[PDB]
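**Q** I am attaching a structure below and will ask some questions about it afterwards.
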Amino acid sequence: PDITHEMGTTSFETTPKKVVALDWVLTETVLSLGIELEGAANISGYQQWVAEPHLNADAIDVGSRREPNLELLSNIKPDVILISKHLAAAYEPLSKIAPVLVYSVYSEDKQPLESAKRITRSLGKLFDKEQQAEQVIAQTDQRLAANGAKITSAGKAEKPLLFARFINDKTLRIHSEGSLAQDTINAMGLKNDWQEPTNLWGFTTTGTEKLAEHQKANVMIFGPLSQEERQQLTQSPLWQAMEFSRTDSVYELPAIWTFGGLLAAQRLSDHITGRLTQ
Ligand SMILES: [Fe+3]
Ligand SMILES: [Fe+3]
Ligand SMILES: [Mg+2]
Ligand SMILES: [Mg+2]
């Protein structure tokens, strides 16, 4: 019955049935184990930026990731509330409503894939889904290796990758050390063209002029992009001047969460493999 999390040890004499997750990677992880959410933070955002796996029908929006709705959470009476250390200032208030477990995929460890495995195992214990947890972990490692072997065998692993989130006309997040994207492509035997320092989420915020020092890369642009965002890239003199634009070496990915878990890594791996070996 005793579960350890980042704020100590909690006992559950029955598996918690009504589950709230207050970040999207914990939402993804709960869903990865075949468990439904009573509530999740910012469902319209999860739908836009995460997309899969699909949240269950009856899931209630319990506030923003930064501002949980305490009145609503009190009314819906969860059996467990899942947060990261990024919401630790809400630990004691949420604790008055229900048992709170603290799990952080993104920490100063900067090993998101390994953290998501550790956390998939803890939540597998919490929900009596340990076998399902071990298979999500094994299938993640299987898919990365197999996709890596395919890309390498096709002679497509030699060109380095640049992973970019569009922020505005003049601003990008480039994903490298500590990013889900980097843990994924490292496992697939690919090279990151970005070697600048990153925050604990695994990205550097940069100007778009920095792309000029990375023209030999295959550029992967995270989805989704708005019509206005995509027109800004299509029409930008800077982007159209870059070698990767002239050599058809720019790929727009679908909506896959850059701060997601094992299922995000699986989907990102599949889509990269598709684009590089089509
Ligand atoms: Fe939010
Ligand atoms: Fe964000
Ligand atoms: Mg999140
Ligand atoms: Mg990003």
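Order determines the names: the first chain of the structure tokens is A, the second B, and so forth; residues in each chain are numbered 1 upward, and ligands are numbered 1 upward as they are shown.
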Could you give me the residues within 9 Å of ligand 4, counting only C-alpha atoms and all ligand atoms, as number ranges by chain?
**A** A: 164-167, 172-175, 201, 203, 222, 257-259
**Q** Selection from above, C-alpha atoms, as a PDB file, in the first residue's frame, can you write it?
**A**
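File produced: out-v2.pdb:
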ATOM      1  CA  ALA A 164      12.785  23.886 -33.268  1.00  0.00           C
ATOM      2  CA  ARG A 165       9.596  25.194 -31.602  1.00  0.00           C
ATOM      3  CA  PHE A 166       8.339  28.374 -33.354  1.00  0.00           C
ATOM      4  CA  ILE A 167       7.740  31.060 -30.570  1.00  0.00           C
ATOM      5  CA  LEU A 172      12.693  29.768 -31.413  1.00  0.00           C
ATOM      6  CA  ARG A 173      13.133  27.120 -28.699  1.00  0.00           C
ATOM      7  CA  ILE A 174      15.893  24.709 -29.874  1.00  0.00           C
ATOM      8  CA  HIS A 175      15.692  21.310 -28.088  1.00  0.00           C
ATOM      9  CA  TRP A 201      13.392  21.451 -19.785  1.00  0.00           C
ATOM     10  CA  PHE A 203      15.802  23.866 -24.718  1.00  0.00           C
ATOM     11  CA  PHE A 222       7.312  20.912 -33.636  1.00  0.00           C
ATOM     12  CA  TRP A 257       4.271  17.387 -26.764  1.00  0.00           C
ATOM     13  CA  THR A 258       7.926  18.533 -26.355  1.00  0.00           C
ATOM     14  CA  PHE A 259       7.480  18.056 -22.514  1.00  0.00           C
TER      15      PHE A 259
END
**Q** Write out as a list in words all residues of stretch 91-171 of chain A that backbone DSSP assigns to strand (DSSP E).
**A** residues 100, 101, 102, 161, 162, 163, 164, 165, 166, 167, 168 and 171 of chain A
**Q** Between atom CA of residue A:113 and atom CA of residue A:198, what is the spacing in Å?
**A**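 Separation between atom CA of residue A:198 and atom CA of residue A:113: 16.4 Å.
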**Q** Would you mind listing what lies within 9 Å of residue A:163 as a PyMOL selection string, with only C-alpha atoms counted and same-chain residues fewer than 6 positions away left out?
**A** chain A and resi 173-176+181-182+192-194+218-222
**Q** Set the distance at 12 Å and use only C-alpha atoms: which residues neighbour residue A:184 once local chain neighbours fewer than 4 positions away are removed? I'd like the list as a PyMOL selection string.
**A** chain A and resi 111-114+140-145+147-148+161+163+175-180+188-192+258+260-273
**Q** Once you count only C-alpha atoms and all ligand atoms, which residues end up within 12 Å of ligand 3, and could you hand them over as number ranges by chain?
**A** A: 21-29, 40-43, 45-47, 49-50, 64-66, 82-87, 103-106, 201, 256-261, 264
**Q** Could you please take those selected residues and save N, CA, C and O atoms as a short mmCIF file (atom, residue, chain, number, x, y, z; two decimals), in the first residue's frame?
**A**
data_model
loop_
_atom_site.label_atom_id
_atom_site.label_comp_id
_atom_site.auth_asym_id
_atom_site.auth_seq_id
_atom_site.Cartn_x
_atom_site.Cartn_y
_atom_site.Cartn_z
N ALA A 21 -4.68 14.81 -12.56
CA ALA A 21 -3.29 15.11 -12.94
C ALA A 21 -3.23 16.60 -13.29
O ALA A 21 -4.05 17.05 -14.13
N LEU A 22 -2.25 17.32 -12.75
CA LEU A 22 -2.17 18.79 -12.93
C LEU A 22 -1.03 19.18 -13.88
O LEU A 22 -0.76 20.39 -14.03
N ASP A 23 -0.41 18.22 -14.55
CA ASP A 23 0.38 18.56 -15.75
C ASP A 23 0.11 17.50 -16.81
O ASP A 23 -0.35 16.36 -16.48
N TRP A 24 0.52 17.83 -18.02
CA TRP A 24 0.15 17.07 -19.22
C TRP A 24 0.96 15.78 -19.31
O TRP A 24 0.42 14.81 -19.79
N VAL A 25 2.21 15.77 -18.86
CA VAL A 25 3.00 14.51 -18.95
C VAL A 25 2.44 13.50 -17.94
O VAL A 25 2.40 12.33 -18.26
N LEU A 26 2.01 13.93 -16.75
CA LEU A 26 1.38 13.00 -15.78
C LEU A 26 0.03 12.55 -16.35
O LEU A 26 -0.31 11.39 -16.19
N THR A 27 -0.68 13.42 -17.04
CA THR A 27 -1.95 13.06 -17.73
C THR A 27 -1.69 11.93 -18.75
O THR A 27 -2.42 10.90 -18.74
N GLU A 28 -0.68 12.12 -19.59
CA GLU A 28 -0.24 11.14 -20.62
C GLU A 28 0.15 9.83 -19.93
O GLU A 28 -0.20 8.75 -20.47
N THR A 29 0.87 9.91 -18.80
CA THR A 29 1.39 8.70 -18.13
C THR A 29 0.22 7.91 -17.54
O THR A 29 0.21 6.68 -17.69
N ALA A 40 -8.16 16.90 -15.25
CA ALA A 40 -6.82 17.25 -15.72
C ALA A 40 -6.77 18.76 -15.88
O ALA A 40 -7.82 19.37 -16.10
N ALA A 41 -5.58 19.34 -15.77
CA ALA A 41 -5.42 20.79 -15.93
C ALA A 41 -5.41 21.11 -17.41
O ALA A 41 -4.75 20.36 -18.14
N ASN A 42 -6.09 22.20 -17.78
CA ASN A 42 -6.13 22.82 -19.14
C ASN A 42 -6.30 21.74 -20.20
O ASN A 42 -5.32 21.39 -20.90
N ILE A 43 -7.52 21.25 -20.36
CA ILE A 43 -7.85 20.18 -21.33
C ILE A 43 -7.75 20.72 -22.76
O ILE A 43 -7.32 19.93 -23.64
N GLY A 45 -5.73 23.02 -23.89
CA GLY A 45 -4.27 22.98 -24.12
C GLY A 45 -3.75 21.56 -24.34
O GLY A 45 -2.94 21.36 -25.28
N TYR A 46 -4.15 20.58 -23.53
CA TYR A 46 -3.74 19.18 -23.74
C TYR A 46 -4.11 18.73 -25.16
O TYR A 46 -3.27 18.15 -25.90
N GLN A 47 -5.35 19.02 -25.55
CA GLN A 47 -5.91 18.69 -26.88
C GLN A 47 -5.08 19.31 -28.00
O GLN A 47 -4.79 18.59 -28.96
N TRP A 49 -1.78 20.82 -27.78
CA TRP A 49 -0.30 20.66 -27.72
C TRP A 49 0.08 19.19 -27.53
O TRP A 49 1.23 18.85 -27.87
N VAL A 50 -0.79 18.36 -26.98
CA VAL A 50 -0.44 16.94 -26.69
C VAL A 50 -1.17 16.04 -27.69
O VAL A 50 -0.48 15.22 -28.31
N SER A 64 -5.88 25.86 -14.84
CA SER A 64 -4.59 25.90 -15.55
C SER A 64 -3.56 25.01 -14.84
O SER A 64 -3.72 24.67 -13.64
N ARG A 65 -2.46 24.73 -15.53
CA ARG A 65 -1.34 23.94 -14.97
C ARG A 65 -0.78 24.69 -13.75
O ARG A 65 -0.33 24.02 -12.81
N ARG A 66 -0.77 26.02 -13.80
CA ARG A 66 -0.20 26.89 -12.73
C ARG A 66 -1.23 27.16 -11.61
O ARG A 66 -0.79 27.38 -10.47
N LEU A 82 -2.05 14.29 -8.73
CA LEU A 82 -0.67 14.12 -9.23
C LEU A 82 -0.15 15.47 -9.68
O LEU A 82 -0.84 16.13 -10.55
N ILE A 83 1.01 15.87 -9.15
CA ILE A 83 1.70 17.13 -9.53
C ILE A 83 3.20 16.89 -9.70
O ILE A 83 3.72 15.86 -9.26
N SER A 84 3.89 17.83 -10.32
CA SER A 84 5.37 17.88 -10.33
C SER A 84 5.87 18.86 -9.28
O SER A 84 5.07 19.67 -8.74
N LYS A 85 7.17 18.87 -9.05
CA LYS A 85 7.87 19.84 -8.18
C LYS A 85 7.64 21.27 -8.71
O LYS A 85 7.79 22.26 -7.89
N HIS A 86 7.25 21.43 -9.98
CA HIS A 86 7.00 22.78 -10.54
C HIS A 86 5.71 23.35 -9.91
O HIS A 86 5.45 24.54 -10.05
N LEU A 87 4.89 22.53 -9.25
CA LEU A 87 3.66 23.02 -8.58
C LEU A 87 3.75 22.77 -7.06
O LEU A 87 2.73 22.82 -6.39
N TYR A 103 5.60 13.96 -8.67
CA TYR A 103 6.45 13.27 -9.68
C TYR A 103 6.86 14.25 -10.77
O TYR A 103 5.98 14.81 -11.44
N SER A 104 8.16 14.35 -11.02
CA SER A 104 8.75 15.40 -11.88
C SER A 104 9.51 14.74 -13.03
O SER A 104 10.61 14.27 -12.80
N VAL A 105 8.93 14.67 -14.23
CA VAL A 105 9.67 14.12 -15.41
C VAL A 105 10.79 15.10 -15.78
O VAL A 105 11.83 14.64 -16.26
N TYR A 106 10.56 16.40 -15.62
CA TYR A 106 11.49 17.48 -16.00
C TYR A 106 12.05 18.05 -14.70
O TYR A 106 11.31 18.70 -13.94
N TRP A 201 14.39 22.03 -18.85
CA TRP A 201 13.39 21.45 -19.78
C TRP A 201 14.04 20.97 -21.09
O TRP A 201 13.31 20.44 -21.93
N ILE A 256 2.95 16.82 -31.17
CA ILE A 256 3.59 15.88 -30.20
C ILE A 256 4.22 16.76 -29.12
O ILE A 256 4.89 17.72 -29.46
N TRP A 257 3.88 16.49 -27.87
CA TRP A 257 4.27 17.39 -26.76
C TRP A 257 5.78 17.28 -26.52
O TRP A 257 6.30 16.17 -26.31
N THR A 258 6.47 18.40 -26.62
CA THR A 258 7.93 18.53 -26.36
C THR A 258 8.26 18.26 -24.88
O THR A 258 9.44 18.05 -24.60
N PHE A 259 7.28 18.34 -23.96
CA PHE A 259 7.48 18.06 -22.51
C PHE A 259 6.63 16.86 -22.11
O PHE A 259 6.08 16.83 -20.98
N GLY A 260 6.47 15.92 -23.01
CA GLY A 260 5.64 14.72 -22.78
C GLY A 260 6.42 13.56 -22.17
O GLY A 260 7.53 13.77 -21.62
N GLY A 261 5.88 12.36 -22.32
CA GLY A 261 6.40 11.16 -21.66
C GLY A 261 6.76 10.08 -22.67
O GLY A 261 7.16 10.40 -23.82
N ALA A 264 4.76 10.18 -25.98
CA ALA A 264 5.28 11.26 -26.85
C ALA A 264 6.57 10.81 -27.55
O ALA A 264 6.75 11.07 -28.78
#
**Q** Of the residues A:139, A:132, A:10, A:32, which is the one nearest to residue A:81, using only C-alpha atoms?
**A**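 Between A:139, A:132, A:10, A:32, the residue approaching residue A:81 most closely is A:10.
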**Q** Hey, can you check how far atom CA of residue A:5 sits from atom CA of residue A:93?
**A** 17.3 Å
**Q** Determine which residues of stretch 55-277 of chain A DSSP labels as helix (DSSP H, G or I) from the backbone of this structure, then write them out as an NGL selection string.
**A** :A and (70-76 or 85-95 or 112-126 or 130-153 or 180-187 or 208-213 or 227-235 or 237-241 or 243-246 or 262-277)
**Q** Which polymer residues have any atom within 8 Å of an atom of residue A:97, counting only C-alpha atoms, with same-chain residues fewer than 3 positions away left out, as a list in words?
**A**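 Within the cut-off, the hits are residues 73, 74, 77, 78, 93 and 94 of chain A.
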**Q** Using Å and a single decimal, report how far atom CA of residue A:102 sits from atom CA of residue A:90.
**A** 10.7 Å
**Q** Which residues are near residue A:277? Cut-off 8 Å, only C-alpha atoms, ignore same chain within fewer than 2 positions. Put them as a list in words.
**A** residues 151, 154, 156, 273, 274 and 275 of chain A
**Q** Go ahead and write the residues just picked, N, CA and C atoms, as an mmCIF file, in the first residue's frame.
**A**
data_model
loop_
_atom_site.group_PDB
_atom_site.id
_atom_site.type_symbol
_atom_site.label_atom_id
_atom_site.label_comp_id
_atom_site.auth_asym_id
_atom_site.auth_seq_id
_atom_site.Cartn_x
_atom_site.Cartn_y
_atom_site.Cartn_z
ATOM 1 N N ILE A 151 16.699 3.772 -39.617
ATOM 2 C CA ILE A 151 17.241 5.056 -40.153
ATOM 3 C C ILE A 151 18.733 4.872 -40.454
ATOM 4 N N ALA A 154 19.312 2.754 -43.537
ATOM 5 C CA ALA A 154 18.877 3.453 -44.771
ATOM 6 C C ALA A 154 19.898 4.531 -45.158
ATOM 7 N N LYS A 156 20.599 7.311 -43.441
ATOM 8 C CA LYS A 156 19.934 8.600 -43.170
ATOM 9 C C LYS A 156 20.303 9.099 -41.779
ATOM 10 N N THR A 273 11.067 8.721 -38.177
ATOM 11 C CA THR A 273 11.464 7.539 -38.965
ATOM 12 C C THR A 273 10.739 7.611 -40.308
ATOM 13 N N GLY A 274 9.444 7.885 -40.278
ATOM 14 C CA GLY A 274 8.604 8.037 -41.486
ATOM 15 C C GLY A 274 9.195 9.052 -42.441
ATOM 16 N N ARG A 275 9.492 10.249 -41.943
ATOM 17 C CA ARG A 275 9.946 11.392 -42.770
ATOM 18 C C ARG A 275 11.345 11.108 -43.331
#
**Q** From the options A:231, A:9, A:120, A:245, which residue's atoms come nearest to residue A:168, counting only C-alpha atoms?
**A**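 Of A:231, A:9, A:120, A:245, the one nearest residue A:168, counting only C-alpha atoms, is A:231.
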**Q** Please determine, counting only C-alpha atoms, which residue among A:96, A:121, A:216, A:170 has the shortest atom-to-atom distance to residue A:233.
**A**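 Of A:96, A:121, A:216, A:170, the one nearest residue A:233 is A:170, counting only C-alpha atoms.
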**Q** Please provide as a PDB file with C-alpha atoms, in the first residue's frame all residues within 12 Å of residue A:129, with the sequence filter that same-chain residues fewer than 6 positions apart are discarded (counting only C-alpha atoms).
**A**
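The new file part.pdb reads:
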ATOM      1  CA  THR A  15      -6.136   1.803  -5.533  1.00  0.00           C
ATOM      2  CA  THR A  29       1.391   8.701 -18.127  1.00  0.00           C
ATOM      3  CA  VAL A  30      -1.905   7.916 -16.336  1.00  0.00           C
ATOM      4  CA  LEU A  31      -3.568   7.374 -19.772  1.00  0.00           C
ATOM      5  CA  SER A  32      -0.585   5.182 -20.869  1.00  0.00           C
ATOM      6  CA  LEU A  33      -1.553   2.700 -18.080  1.00  0.00           C
ATOM      7  CA  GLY A  34      -5.224   2.417 -19.243  1.00  0.00           C
ATOM      8  CA  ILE A  35      -6.412   4.667 -16.388  1.00  0.00           C
ATOM      9  CA  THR A 120       5.509   5.077 -15.099  1.00  0.00           C
ATOM     10  CA  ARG A 121       6.680   2.388 -12.553  1.00  0.00           C
ATOM     11  CA  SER A 122       5.468   4.367  -9.450  1.00  0.00           C
ATOM     12  CA  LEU A 123       2.030   5.045 -11.070  1.00  0.00           C
ATOM     13  CA  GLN A 135       5.388  -3.080 -21.197  1.00  0.00           C
ATOM     14  CA  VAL A 136       5.099   0.710 -21.910  1.00  0.00           C
TER      15      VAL A 136
END
**Q** Closest to residue A:101 among A:211, A:3, A:225, A:187, using only C-alpha atoms?
**A**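 Under the stated criterion, the closest residue is A:3.
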